[PDB]
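Asker: The structure is given below, and queries will be raised subsequently.
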Amino acid sequence: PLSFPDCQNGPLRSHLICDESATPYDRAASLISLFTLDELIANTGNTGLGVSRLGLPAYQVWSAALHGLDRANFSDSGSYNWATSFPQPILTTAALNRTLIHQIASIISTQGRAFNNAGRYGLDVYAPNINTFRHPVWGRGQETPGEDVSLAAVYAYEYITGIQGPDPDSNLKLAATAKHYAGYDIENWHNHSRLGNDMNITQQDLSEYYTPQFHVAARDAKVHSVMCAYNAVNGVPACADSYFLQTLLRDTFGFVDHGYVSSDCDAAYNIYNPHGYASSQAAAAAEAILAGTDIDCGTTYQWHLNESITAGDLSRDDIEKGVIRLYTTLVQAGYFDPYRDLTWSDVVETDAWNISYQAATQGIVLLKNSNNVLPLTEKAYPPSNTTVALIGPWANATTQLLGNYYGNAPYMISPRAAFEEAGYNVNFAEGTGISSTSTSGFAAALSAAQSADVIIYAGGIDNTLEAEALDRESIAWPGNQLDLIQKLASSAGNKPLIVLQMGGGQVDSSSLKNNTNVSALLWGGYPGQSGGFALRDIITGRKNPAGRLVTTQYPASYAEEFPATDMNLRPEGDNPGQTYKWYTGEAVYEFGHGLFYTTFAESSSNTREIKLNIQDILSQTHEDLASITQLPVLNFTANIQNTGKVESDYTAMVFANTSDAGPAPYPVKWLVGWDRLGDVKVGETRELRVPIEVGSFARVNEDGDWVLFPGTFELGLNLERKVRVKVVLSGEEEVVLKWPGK
Ligand SMILES: *[C@@H]1O[C@H](CO)[C@@H](O[C@@H]2O[C@H](CO)[C@@H](O[C@@H]3O[C@H](CO[C@H]4O[C@H](CO)[C@@H](O)[C@H](O)[C@@H]4O)[C@@H](O)[C@H](O[C@H]4O[C@H](CO)[C@@H](O)[C@H](O)[C@@H]4O[C@H]4O[C@H](CO)[C@@H](O)[C@H](O)[C@@H]4O)[C@@H]3O)[C@H](O)[C@H]2NC(C)=O)[C@H](O)[C@H]1NC(C)=O
Ligand SMILES: *[C@@H]1O[C@H](CO)[C@@H](O[C@@H]2O[C@H](CO)[C@@H](O)[C@H](O)[C@H]2NC(C)=O)[C@H](O)[C@H]1NC(C)=O
Ligand SMILES: *[C@@H]1O[C@H](CO)[C@@H](O)[C@H](O)[C@H]1NC(C)=O
Ligand SMILES: *[C@@H]1O[C@H](CO)[C@@H](O)[C@H](O)[C@H]1NC(C)=O
Ligand SMILES: *[C@@H]1O[C@H](CO)[C@@H](O)[C@H](O)[C@H]1NC(C)=O
Ligand SMILES: *[C@@H]1O[C@H](CO)[C@@H](O)[C@H](O)[C@H]1NC(C)=O
């Protein structure tokens with residue numbers, strides 16, 4: 001029942017809500033001033049009932065857009081029957097291509113507007129997830145930009161801008177919602193449910209790792225909405241945490257005027273049960289509202305704010321504040337007044353660009369290529385003369401391609417189907433399942449391998465192990481897949497054995513790493529609707545891999561070394577440090593790892609130290625930048641040459657480390673920039689230019705303050721660290737973010 005109010009011939013035509021010359025806030029305020037208390041409360045939840053006597057339509061706040069129109073009112077046939085399903089964010093982020101994220105978000109927003117013009121979708125979306133994949137067992141890590149907060153911040157900016165449009169204040173395409181704020185990275189590990197979890201986070205970790213990306217989403221991307229998490233932090237449920245919502249988000253992080261906060265579905269209720277922070281549903285609703293949660297996902301507000309009023313927990317003005325914020329966003333989206341002409345044909349066109357396929361091809365990571373077995377070129381292995389064995393619980397994957405939540409897709413291309421369409425003769429055998437103990441399927445799998453010229457095993461994990469409400473307990477390969485893989489390796493007989501490790505989280509593949517008969521190892525995440533074509537084309541060399549890992553592949557014992565609910569990044573107790581930045585152990589495959597189908601030579605651009613003064617750089621002008629921390633202080637440059645026989649895109653991560661600047665402990669390293677050079681021809685020498693903002697050089701004190709310290713920094717290209725630059729910062733320490741108090 002989604003429609004638009006009639007501001008020309010409807011009951012509101014005479015009121016300021018329908019005066020396109022007024023300010024958006026004043027329009028929404030007058031509209032709310034036309035309500036009764038019952039009508040007002042009826043619109044405090046995600047399923048807002050509207051006001052019938054005023055011609056005000058019902059509005060649904062909950063729309064899913066994480067990686068496409070993941071849930072909409074689809075038709076059974078014809079128009080509005082499907083929508084593009086892109087890879088899960090974890091795979092897209094591994095392509096290290098900011099413009100890719102922006103374009104995906106813009107396409108999603110176009111199709112969303114098209115469905116909303118047809119009444120089948122909302123005007124605000126509960127995306128993007130910009131939490132980090134801190135601990136490898138998290139069942140929603142597939143929905144995140146990885147474990148590094150800088151990548152999460154850039155993803156937030158590109159996605160939120162693509163979703164909202166170029167003019168978010170005046171002609172908003174769709175309102176985005178940064179989630180989940182904050183400290184939400186665990187579902188149920190060892191019965192530590194997100195609904196009741198009370199996570200202990202130091203102010204230092206809060207400032208340095210858990211909040212920064214939400215600061216970017218607010219100040220730089222001007223996100224219109226933020227969603228507060230189910231969990232509590234240092235004893236306070238996120239949606240009842242006046243410190244998170246007012247002090248930080250609204251007062252420090254630059255949340256747009258009249259931006260609205262939504263609770264998770266239903267975090268407001270969890271304030272009462274199971275957190276126990278409130279003694280009743282009415283008290284929970286009042287506390288959430290007073291802390292700043294404007295709109296409830298659920299029915300706690302709509303069914304219990306009368307009790308809140310009756311108990312003197314708040315006033316009607318308190319309730320009006322949140323509804324006014326929500327409808328201010330709606331007014332800025334043209335609700336009561338360009339994007340309104342988008343229609344089904346625009347969905348068809350944008351899907352037909354196949355940006356989903358491109359995202360998969362760009363994001364897939366090559367972890368192992370022994371003796372250049374890959375690519376299996378169409379010349380060396382012609383389709384008409386080649387049989388490929390497609391084995392594994394991912395070989396026939398269609399819905400598995402789309403990840404935890406997805407809507408109607410135009411099509412789902414399994415690896416098997418893709419190799420068949422290409423004209424290969426394919427022997428398919430499941431072999432085993434994701435988490436099975438049976439061997440009944442091994443014989444058929446081995447038989448398919450015996451008759452084949454190449455063996456492709458597609459397996460790993462999927463949503464039967466990692467999902468919302470479902471955390472992993474082990475990070476080893478599950479089931480008996482490794483056993484079957486080893487049997488395949490033993491019987492291969494110099495036939496290429498390509499292993500496809502799928503899923504959002506990583507699995508300990510050290511076994512495959514040291515196994516000589518295992519020719520190649522690729523990570524495919526959740527590659528979206530065209531995953532089969534992307535995987536096939538990477539294997540054949542029709543596309544060349546350049547993705548890198550945005551998550552660390554830990555040894556299995558990592559998941560037993562310390563409690564996953566430990567929020568401390570820096571090593572302490574049995575925690576060896578978490579994330580590439582602080583991890584003191586030996587990873588199986590490191591964050592930032594990735595191979596290419598060609599060799600690239602990395603040379604210094606000027607065959608050299610960079611000395612800079614804190615006060616000089618921090619007193620400069622910063623036109624077009626909201627903060628001086630965004631100012632480029634140098635360009636990290638190197639020469640990249642294609643010394644191989646195939647043209648390939650090239651990706652680079654720039655890492656920084658220090659041993660003197662600021663307080664100990666000192667990080668192993670941290671990501672300061674990244675780039676992707678497209679289509680580097682054979683022999684070409686392209687130059688790498690990565691700006692390094694002064695923020696990258698700041699470090700966080702225990703009070704949570706961001707400070708630029710004097711000392712020596714080292715900047716290194718990728719994991720090989722061949723090209724290097726020394727940066728000496730002189731002067732006095734200066735605070736660039738003054739962490740507020742409670
Ligand atoms: C980082 O990531 C970005 C992606 O955001 C990437 O830039 C993109 O590169 C791709 C590859 O060239 C571009 O894809 C093509 O886009 C056109 C339309 O683009 C127009 O509109 C956009 C959005 O407004 C503009 O930005 C852009 O400049 C153009 O004006 C599509 O029409 C293309 O589709 C055809 O090719 C696909 C394969 O590439 C096919 O799958 C598809 O079916 C289409 O086939 C065509 O030919 C067929 C016959 O061969 C025919 O049957 C079909 O009917 C059809 O005519 C294609 O999707 C994309 O636009 C770029 N986006 C931007 C924003 O620039 C960067 O390259 C990347 N950086 C790296 C990797 O280093
Ligand atoms: C590029 O986009 C087109 C858009 O249709 C894809 O072509 C469709 O693929 C499905 C699955 O194979 C077919 O059932 C449709 O009939 C195809 N339509 C047309 C018009 O050809 C194509 O697969 C995409 N290329 C990729 C994903 O690599
Ligand atoms: C889906 O949208 C159509 C067209 O707007 C409408 O007729 C139908 O009732 C909707 N179904 C829902 C919202 O369940
Ligand atoms: C409060 O409102 C809810 C939802 O409309 C209703 O179910 C409940 O009976 C109301 N309580 C009182 C005391 O009116
Ligand atoms: C492979 O996938 C297709 C499409 O979902 C399905 O019809 C078929 O039963 C699957 N085969 C096996 C062996 O699971
Ligand atoms: C980085 O390179 C651009 C383009 O060459 C240049 O304009 C900019 O000043 C450089 N950044 C520096 C010098 O900090």
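Asker: Give 395, 452, 418, 389 a once-over and let me know the one that is of a type outside the set (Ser, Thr, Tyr) and either assigned to a helix (DSSP H, G or I) or within 25 Å of residue 81 (Cβ to Cβ) (or both).
Answerer: Details: 395 fails: either assigned to a helix (DSSP H, G or I) or within 25 Å of residue 81 (Cβ to Cβ) (or both); 452 fails: either assigned to a helix (DSSP H, G or I) or within 25 Å of residue 81 (Cβ to Cβ) (or both); 389 fails: either assigned to a helix (DSSP H, G or I) or within 25 Å of residue 81 (Cβ to Cβ) (or both).
Going through 395, 452, 418, 389 in turn, just one is of a type outside the set (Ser, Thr, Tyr) and either assigned to a helix (DSSP H, G or I) or within 25 Å of residue 81 (Cβ to Cβ) (or both): 418.
Yes/no matrix, rows are residues, columns are (1) over 26 Å from the mean Cα position of the chain (by Cα); (2) of a type in the set (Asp, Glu); (3) within 16 Å of ligand 4 (Cβ to nearest atom):
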| site | (1), (2), (3) |
| --- | --- |
| 622 | yes, no, no |
| 626 | no, no, no |
| 631 | no, no, no |
| 634 | yes, no, no |
| 644 | yes, no, no |
| 647 | yes, yes, no |
| 651 | no, no, no |
| 671 | no, no, no |
| 686 | yes, no, no |
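Asker: Considering only residues that are buried (at least 21 other Cβ atoms within 10 Å of the Cβ) and either within 16 Å of ligand 6 (Cβ to nearest atom) or over 15 Å from residue 46 (Cβ atoms) (or both), which ones fall in segment 290-303?
Answerer: Once the filter is applied, which keeps residues that are buried (at least 21 other Cβ atoms within 10 Å of the Cβ) and either within 16 Å of ligand 6 (Cβ to nearest atom) or over 15 Å from residue 46 (Cβ atoms) (or both), segment 290-303 yields 291, 292.
Asker: What pairs can you find where one residue is in segment 34-62 and aromatic (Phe, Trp, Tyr), the other is not in a loop (DSSP other than H, G, I, E, B), and their Cβ atoms are less than 6 Å apart, with a gap of 6+ or different chains?
Answerer: From segment 34-62, the pairs are 59/48.
Asker: Let me ask something else. Hey, does segment 540-553 have a residue that's farther than 23 Å from residue 356 by Cβ, basic (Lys, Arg) and more than 16 Å from ligand 3 (Cβ to nearest atom)?
Answerer: Just the residues of segment 540-553 that are farther than 23 Å from residue 356 by Cβ, to begin with: 552-553.
Now restrict to residues that are basic (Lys, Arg): none.
Scanning segment 540-553, I find no residue that is farther than 23 Å from residue 356 by Cβ, basic (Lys, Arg) and more than 16 Å from ligand 3 (Cβ to nearest atom), so the answer is no.
Asker: Can you name the number of the only condition in (1) charged (D, E, K, R); (2) farther than 16 Å from residue 393 by Cβ; (3) assigned to a helix (DSSP H, G or I) that residue 473 fails?
Answerer: The number of the failed condition is (3).
Asker: Let me ask another. Going residue by residue through segment 535-550, is there one that turns out to be part of a loop (DSSP other than H, G, I, E, B), out of contact with any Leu (no Cβ under 7 Å at 6 or more places or on another chain) and hydrophobic (A, V, I, L, M, F, W, C)?
Answerer: Checked segment 535-550: at least one residue is part of a loop (DSSP other than H, G, I, E, B), out of contact with any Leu (no Cβ under 7 Å at 6 or more places or on another chain) and hydrophobic (A, V, I, L, M, F, W, C).
Asker: Here is a further query. Look at residue 187 and say whether it is assigned to a loop (DSSP other than H, G, I, E, B), of a type outside the set (A, V, I, L, M, F, W, C) and touching a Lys or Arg at 6+ places or on another chain (Cβ under 6 Å).
Answerer: Details: assigned to a loop (DSSP other than H, G, I, E, B): yes; of a type outside the set (A, V, I, L, M, F, W, C): yes; touching a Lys or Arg at 6+ places or on another chain (Cβ under 6 Å): yes.
So residue 187 passes the test.
Asker: OK, next. Restricting attention to segment 367-396, which residues are under 22 Å from residue 430 (Cα atoms) and in contact with an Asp or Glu (Cβ under 8 Å, 6 or more places away or on another chain)?
Answerer: Those that are under 22 Å from residue 430 (Cα atoms) and in contact with an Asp or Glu (Cβ under 8 Å, 6 or more places away or on another chain): 386, 387, 388, 391, 392, 393, 394, 395, 396.
Asker: As an exercise: evaluate residue 282 against (1) in contact with an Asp or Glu (Cβ under 6 Å, 6 or more places away or on another chain); (2) closer than 18 Å to residue 217 by Cα and give the number of the one condition it does not meet.
Answerer: For residue 282, the exception is condition (2).
Matching residues to (1) away from ligand 2 (no atom under 16 Å from the Cβ); (2) buried (at least 24 other Cβ atoms within 10 Å of the Cβ):
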| position | (1), (2) |
| --- | --- |
| 384 | yes, no |
| 389 | yes, yes |
| 395 | yes, yes |
| 398 | no, no |
| 408 | no, no |
| 415 | no, yes |
| 418 | no, no |
| 425 | yes, no |
| 431 | yes, yes |
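Asker: Can you tell which of 35, 4 is part of a loop (DSSP other than H, G, I, E, B), outside the structural domain of residue 324 (by CATH) and among the hydrophobic types (A, V, I, L, M, F, W, C)? If you could, list the steps in order and put the result at the bottom.
Answerer: Working: 35 fails: outside the structural domain of residue 324 (by CATH).
That would be 4, the only listed residue that is part of a loop (DSSP other than H, G, I, E, B), outside the structural domain of residue 324 (by CATH) and among the hydrophobic types (A, V, I, L, M, F, W, C).
Asker: Let me ask something additional. When segment 552-572 is examined, which residues are found to be more than 15 Å from residue 190 (Cα to Cα) and in contact with a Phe, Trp or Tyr (Cβ under 7 Å, 6 or more places away or on another chain)?
Answerer: Result: 552, 553, 569, 570, 571.
Asker: Is it the case that residue 474 is among the polar types (S, T, N, Q) and over 24 Å from residue 720 (Cα atoms)?
Answerer: Details: among the polar types (S, T, N, Q): yes; over 24 Å from residue 720 (Cα atoms): yes.
For residue 474, the condition - among the polar types (S, T, N, Q) and over 24 Å from residue 720 (Cα atoms) - is met.
Asker: Oh, and also: Of the numbered conditions (1) closer than 30 Å to residue 358 by Cβ; (2) in contact with a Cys (Cβ under 9 Å, 6 or more places away or on another chain), residue 78 fails exactly one; give the number of that condition.
Answerer: Among (1) closer than 30 Å to residue 358 by Cβ; (2) in contact with a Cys (Cβ under 9 Å, 6 or more places away or on another chain), residue 78 violates only (2).
Asker: Please state which one of 492, 534, 520 is surrounded by fewer than 20 Cβ atoms within 10 Å (Cβ to Cβ) and over 19 Å from the mean Cα position of the chain (by Cα).
Answerer: Numbers: 534 fails: surrounded by fewer than 20 Cβ atoms within 10 Å (Cβ to Cβ); 520 fails: surrounded by fewer than 20 Cβ atoms within 10 Å (Cβ to Cβ).
One residue alone meets the criteria, 492.
Asker: If you don't mind, another one. Anything in segment 273-291 that is touching a strand residue (DSSP E or B) at 6+ places or on another chain (Cβ under 9 Å) and either within 24 Å of residue 50 (Cβ to Cβ) or not assigned by CATH to the domain that holds residue 181 (or both)? List them, or say none. Show your work before the answer.
Answerer: Filtering segment 273-291 for residues touching a strand residue (DSSP E or B) at 6+ places or on another chain (Cβ under 9 Å) gives 275, 277-278, 284-285, 287-289, 291.
Residues satisfying the conditions are 285, 288, 289.
Asker: Here is a list: 278, 229, 285. Which entry is under 24 Å from residue 39 (Cβ atoms), touching a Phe, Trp or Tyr at 6+ places or on another chain (Cβ under 6 Å) and among the small types (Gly, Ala, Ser)?
Answerer: On the way: 278 fails: under 24 Å from residue 39 (Cβ atoms); 229 fails: under 24 Å from residue 39 (Cβ atoms).
Exactly one residue qualifies, and that residue is 285.
Asker: Here's a check for you: in segment 626-667, which residue that is among the hydrophobic types (A, V, I, L, M, F, W, C) and more than 27 Å from residue 217 (Cβ to Cβ) is nearest to ligand 2 (Cβ to nearest atom)?
Answerer: Checked segment 626-667; the qualifying residue nearest to ligand 2 (Cβ to nearest atom) is 646.
Asker: Just wondering, is there one or more residues in segment 192-201 that are β-branched (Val, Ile, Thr) and out of contact with any strand residue (DSSP E or B) (no Cβ under 6 Å at 6 or more places or on another chain)? Steps first, answer last, please.
Answerer: Kept after step one, since they are β-branched (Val, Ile, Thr), are these residues of segment 192-201: 201.
In the following step, the residues that additionally are out of contact with any strand residue (DSSP E or B) (no Cβ under 6 Å at 6 or more places or on another chain) were identified as none.
Checked segment 192-201: no residue is β-branched (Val, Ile, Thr) and out of contact with any strand residue (DSSP E or B) (no Cβ under 6 Å at 6 or more places or on another chain).
Asker: Which count do you get for residues in segment 399-441 that are aromatic (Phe, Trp, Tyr) and farther than 30 Å from residue 120 by Cα? Please lay out each step first, then the result.
Answerer: In the first step, residues of segment 399-441 are kept if they are aromatic (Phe, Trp, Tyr); the result is 405-406, 411, 419, 424, 428.
Then drop every residue that is not farther than 30 Å from residue 120 by Cα, which leaves 419, 424, 428.
Within segment 399-441, residues that are aromatic (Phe, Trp, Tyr) and farther than 30 Å from residue 120 by Cα number 3.
Asker: Can you tell which of 572, 623 is of a type in the set (D, E, K, R) and closer than 28 Å to residue 135 by Cα? Break it down into steps so the answer makes sense when it comes.
Answerer: Values: 623 fails: closer than 28 Å to residue 135 by Cα.
After applying the criteria, what remains is 572.
Asker: Here's another thing I want to ask about it. Take residue 71 and tell me if it is within 16 Å of ligand 3 (Cβ to nearest atom) and of a type in the set (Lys, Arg).
Answerer: Values: within 16 Å of ligand 3 (Cβ to nearest atom): yes; of a type in the set (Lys, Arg): yes.
Criteria met by residue 71.
Basis: the model, the stated rules and, where named, an outside source; nothing here is a laboratory result. Don't worry about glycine lacking a Cβ; one is built from the backbone with ideal geometry, like all the others, and counts go over all protein chains shown.
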